[PDB]
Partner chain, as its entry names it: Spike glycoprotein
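In C-alpha cells, one chain follows: the form solved without the partner chain.
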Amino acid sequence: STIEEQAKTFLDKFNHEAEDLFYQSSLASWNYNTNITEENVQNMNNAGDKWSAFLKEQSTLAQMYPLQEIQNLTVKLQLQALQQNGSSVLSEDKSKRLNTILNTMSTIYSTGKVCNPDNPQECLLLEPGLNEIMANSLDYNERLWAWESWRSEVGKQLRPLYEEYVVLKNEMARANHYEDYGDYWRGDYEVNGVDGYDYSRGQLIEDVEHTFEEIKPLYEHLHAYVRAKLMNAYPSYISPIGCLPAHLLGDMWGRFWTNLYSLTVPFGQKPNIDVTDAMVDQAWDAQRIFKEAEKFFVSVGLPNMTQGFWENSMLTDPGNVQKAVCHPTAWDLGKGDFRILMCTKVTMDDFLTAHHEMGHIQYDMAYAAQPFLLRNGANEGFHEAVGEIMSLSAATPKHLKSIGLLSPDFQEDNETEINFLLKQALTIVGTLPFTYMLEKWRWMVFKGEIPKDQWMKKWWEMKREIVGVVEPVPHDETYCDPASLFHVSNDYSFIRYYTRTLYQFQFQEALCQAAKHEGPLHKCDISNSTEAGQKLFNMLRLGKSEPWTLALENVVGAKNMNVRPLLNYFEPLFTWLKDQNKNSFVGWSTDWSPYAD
C-alpha cells in the first residue's frame, strides 16, 4: 500500500531484529559490569558498536520517511525515536576516541585505588572502606584524609579525560542539531505536538530553577540544624556561623545526609526506627530483603517475580576477586529476563535501594508487552519515582510492625514522627540541592560559559552558595572534583533524581488518596491496597506510548512536576525544625569559609 503501511512493516521487522540484537548487547554489557575484565570490555564495546551501527542504518532508512504521513501518534513516536542522526554522527576515529575516554574514566572511577600519603601509605577502594570510612567515622583528620585523597589522587587523573569528554560530547551534540550535550540530556525530556501537552527543555530548566527556589527555605533550615549538631560534635572545626567542610556529610561527596542521622537524631531516647540493629539481630540477609520486597509487590496486587530473576540476579557483592561496579542498578536485557545489580548490605539505605530496584524491575515487567521502541519508561524520573514510591511506602513504622520486624508493642508518638521525618528530610533534602547544583555546573560548562581552568574555581564557588558546603584545603584548576562522583564519570544525568523526588511525592499523594488512607500522608502505606496497585500498574504499563505528561495527569491530575506534595510531607517536620532553630543563624555567607578567609 502507501508508505504508511510500508513504515508499519519497517517497524515490525525492526522490533524483531532489535529485540534479538538488544538482548545480545545487553548480555554483553551485563557480563562486563559484573565480571569486569579486558575481554569483557572488548565484548561490550564491539556488541554496542554493532548495535549502534545497525540502529543508525535503520535510522537512515526511517529518515527516508517523512513524518507527515502519520495518523497513529504511537507510530509517530516510534519513527521519531528512530529519526535520530544519533551519537554515531561523529567520525569513527572521533567516536572511538570518545569511547576510549569514557571507558578510561569509567575504569579509573570504579577500580582506581586511593594511595594517599597523609596516612603515608594508605591504599583502598570506594566500596567498603572509603564509603564506610566516611559513613561510620566521627574524627576530623580521618575524614579529611579520605576526602582529600579521593579528590587529589583520583580527580587529577580524570581532569584531562573530562576535558576531552566535554569537548567531544559538546561537538557531537552540536552535530546532532543541539546546543550542547546538556541539551541532549534535557531534550531527553521532550514532548512534541500532543494537543497542548508539549514541553520544551528551556521550560524544563526554568521549572527546575523555580522548584529549587521554592524548596530552598526547608533545606536552609535543615542545614542550620545539622551544622549546629556538627559544631556540637566537632568543637573546633566547624566555625560558628558559616558553612561546614565537605567531608562532614556522612557521604563521600555530600550527596546523602542519612548517615548524619546517627549524629543528628533529634530524640535519641526513643526506640530506633532506623532499624539496622533490628535487622542484624533478626539474622536478615539480602535474599529475605528481596523476598519481602516481592511479598510487598504481591500484596499491592502486582504479580510475583520471575524465576529467572531469582536465578540470574547479582543480589550480593560477587567478592573482591572480581571488581564489579557496585553502584546499584536495574537491568532489562529483553525477551523476558530482568536483573538487579545490588551489593546488598544489611542497612536501611540498602533495604530502600533494594525496594527501589525492585520497583524498577516491576516497571520493566509491566510494559514488556509493548513494542520495542516504547519498551522504556515514560522517563528516568518515572522509573526512579516508582522505585522510591515503593521505598517510602515501606519505611512506615506500621509496615515495619506488619512483618513484626519492629516490636508489636512499639508506640507511635510525636517524637517517632519527628525522627522518621528528620531521616527522610536528611536523605531527600540533602540530595535535592546537590543534584541541582551539580547539573547546573554540568549544563553551564557544556554550554561553555566557563573558561576551562576557571572550571574548578567556579565549581567550588557555586557549592558555597548553593549546597552551603566548602573545602578545607585549596584546590586549584588542576583538580577535577566533579568527576569524583559516579554519575559524572559514567556519562549519566543527575537532574533525573530531582525529578525522581518530585514525581515520587506527587505519585504517593495521589496514590494514597486513591487508597483512601485516613490520616496524614507521611504515615500512609499503600500495601494491601490492590486497587492502588492496579492504578499504578496502569500507569507503568502505559510505557512510553503516550507523553509522560499524560501519565502524570492520569495518576495525579497535573501536567507538570510540582513541589506541593513534598512540602505537604515535611510539614510537621518544618514546624519542629523551625521551632528548634529559633535562636540560630539560618544561612551562610558566600564569601565566608574556614579556608577561603
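In this text, rigid core is short for the largest set of C-alphas that superpose within 1.5 Å between two forms. Positions refer to the first chain, counted from 1.
Although it is not shown, the form solved in complex with the partner chain is what the next lines describe.
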Picking from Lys452, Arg288, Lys216, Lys335, the single residue whose non-hydrogen atoms come within 4.5 angstroms of the partner chain in the entry with it bound is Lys335
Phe10, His16 and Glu19 - do all three of these have some heavy atom no more than 4.5 Å from the partner chain in the entry with it bound?
yes
Determine which one of 474-482, 453-461, 307-315, 433-441 lies within 4.5 Å of the partner chain in the entry with it bound, judging by heavy atom distances; exactly one does.
307-315
Given that the partner chain is not shown alongside this chain, does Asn581 nevertheless sit within 4.5 Å of it in the entry with it bound, heavy atom to heavy atom?
no
How about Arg227: is it within 4.5 Å of the partner chain in the entry with it bound, going by heavy atoms?
no
Taking any heavy atom pair closer than or equal to 4.5 Å as contact, tell me whether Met64 reaches the partner chain in the entry with it bound.
yes
When the contact criterion is heavy atoms within 4.5 Å, does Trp576 count as touching the partner chain in the entry with it bound?
no
Within 4.5 Å of the partner chain in the entry with it bound, which residues of 22-51 have a heavy atom? Give them in sequence order, or say none.
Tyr23, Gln24
With the two forms aligned on their rigid core, point out which item of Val265, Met462, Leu144, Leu315 shifts its C-alpha by 2 Å or more between this form and the one not shown.
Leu315
So that I can tell if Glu477 moves, could you say whether its C-alpha shifts by at least 2 Å between this form and the one not shown after the core superposition?
no
My question is whether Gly448 is one of the residues whose C-alpha shifts by 2 Å or more between this form and the one not shown, given a fit on the rigid core.
no
Superpose on the rigid core, then tell me if the C-alpha of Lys559 is displaced by 2 angstroms or more between this form and the one not shown.
no
